[PDB]
Amino acid sequence: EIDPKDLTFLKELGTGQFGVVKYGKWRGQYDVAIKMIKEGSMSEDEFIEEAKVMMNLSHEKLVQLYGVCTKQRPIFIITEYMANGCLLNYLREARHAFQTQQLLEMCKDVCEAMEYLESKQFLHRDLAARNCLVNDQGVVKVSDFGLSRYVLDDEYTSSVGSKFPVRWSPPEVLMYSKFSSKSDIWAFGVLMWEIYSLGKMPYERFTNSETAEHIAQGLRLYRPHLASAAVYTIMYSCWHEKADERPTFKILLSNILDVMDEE
Ligand SMILES: CN(C)c1ccc2c(c1)CCN(c1cccc(-c3cc(Nc4ccc(C(=O)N5CCOCC5)cn4)c(=O)n(C)c3)c1CO)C2=O
């Protein structure tokens, strides 16, 4: 529990699923981001109980939770500040002129954080470039993991809702709501594809409905021009029709390191 007397609010960073997020300082020293939870957007009591377990998730590639303010409304969520913002926008800026080794390192940063969460049997459920952030050193961290469970908006949580992450979801999630470690694995393959495509929308010429049908037929995302054969084999392995034939994050990380050494 953070005392809100120790927070300042300096600039607006944008808006997400739970409303406005601000940059400010904690204890007159530490840069932070502060989610100000919009009334009616979150299942608040459930989140508060879960924030306890989340406080114990700690990894260099996960955005660090610093604390919450819950003796008031709106409630605040205080985290590590990531100066370069969301990975999606960052990939879309041509000025960065990324080398492919940089791209693979962003895939490795995310894979490390996911290997950690898999070790704790904790699902993200909304892994995508829009939900990863980039710090001042160009390190990618996984953000907002687990928070999908507390979203009250049915457009986001329903398989058929307009805001559901359809293009990041395996067939068994779309068809049967079968969520598992292997549905995060499938989303991670789509994230690798986003990175090597410099932020293109997955299935850029299809609707959500057409995407669902394309992947039910066994068809998949094409190899981005920047991806070697070996990089494409890694993201492709995440998309096996049988969830139990997809790798773990531990295996993917070994595969990524092998390609780094090779290429
Ligand atoms: C349920 N799920 C999956 C959720 C729920 C809430 C949210 C998200 C998913 C993801 C999006 N989101 C959200 C909304 C608003 C802010 C943040 C958000 C933005 C940050 N940082 C920055 C830094 C700079 C800039 C910036 O404006 N630029 C412009 C020039 O180019 C360089 C950077 C933007 N954000 C940050 O550090 N955190 C921790 C969170 C976040 C991330 O947290 C949410 O709050």
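The rules behind each value
- Within each chain the first residue of the written sequence is number 1 and the count goes on from 1 in that order, possibly differing from the entry; residues lacking coordinates are omitted.
- Computation of side-chain values: all heavy atoms of the structure, hydrogens and water removed.
- Secondary structure follows DSSP: runs of H or I at least 4 residues long count as helices, runs of E at least 2 residues long count as strands, and numbering of each begins at the N terminus.
- Our radius of gyration is a C-alpha quantity, and the globule rule it is checked against amounts to 2.2 Å times the number of residues to the power 0.38.
- Each residue gets one of three labels from its accessible area relative to the maximum for its type: buried under 20%, exposed over 50%, partly exposed in between, using a 1.4 Å probe on protein chains only.
- In this description, contact between two residues means that some pair of their heavy atoms is separated by no more than 4.5 Å.
- Where accessible areas are quoted, they stem from the Shrake-Rupley method and a 1.4 Å probe; at the residue level, only the protein chains shown are allowed to cover.
- Any residue with a non-hydrogen atom lying within 4 Å of a molecule or strand is treated as near it.
- Distance and chemistry together define a polar contact, namely a pair of N or O atoms within 3.5 Å, with one atom able to donate a hydrogen and the other to accept it when in protein, and with adjacent residues in sequence counting only for side-chain atoms on both sides.
- Where each domain starts and ends comes from a domain assignment, either automatic or drawn from a database.
- UniProt positions are given in the numbering used here, feature names are shortened, and annotations may be inferred rather than shown by experiment.

- Looking at the entry header, you'll see X-ray crystallography listed as the method and 1.70 Å as the resolution.

## Comments concerning the overall build of the protein chain
In step 1: Counting its regular elements, the protein chain contains nine helices and seven strands.
In step 2: Taken over C-alpha atoms, the radius of gyration comes to 18 Å for the protein chain, in line with the 18 Å a tight globule of 263 residues would show.
In step 3: In terms of overall dimensions, the protein chain has C-alpha extents of about 55 × 40 × 35 Å along its principal axes.
In step 4: Counting only residues that meet the buried cut, the protein chain has 51% of its 263 residues in that class.
In step 5: A sequence separation of at least 24 residues applies to 61% of the contacts in the protein chain between residues at least 6 apart.
In step 6: Per element, the accessible surface of the protein chain, about 13,200 Å² overall, is 49% carbon and sulfur.

## So, the site of the ligand
In step 1: Near the ligand lie 25 residues; those nearest to it are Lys-35, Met-82, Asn-131, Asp-144 and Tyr-156.
In step 2: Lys-35 is positioned with one of its side-chain polar atoms (N or O) 2.8 Å from an oxygen atom of the ligand.
In step 3: Interatomic distance of 2.8 Å between a backbone N/O atom of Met-82 and an oxygen atom of the ligand.
In step 4: Here the ligand loses 76% of its free accessible area of 870 Å² to cover by the protein chains.
In step 5: Of all the elements in the fold, those that place two or more residues in the shell around the ligand are β1 (7–16), β3 (30–36) and β5 (76–80).
In step 6: When residues of the shell around the ligand are assigned to their parent elements, the largest contribution, four residues, is made by β1.
In step 7: When residues of the shell around the ligand are assigned to domains, at least three fall in each of domain 1 (1–81) and domain 2 (82–263).

## Re the UniProt feature "active site" in the protein chain
In step 1: Here the UniProt-annotated "active site" positions come out as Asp-126.
In step 2: When you line up the elements, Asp-126 lands in the loop between α3 (100–119) and β6 (132–134).
In step 3: For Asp-126, the contacting residues outside a window of four places in its chain are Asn-131, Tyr-156 and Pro-165.

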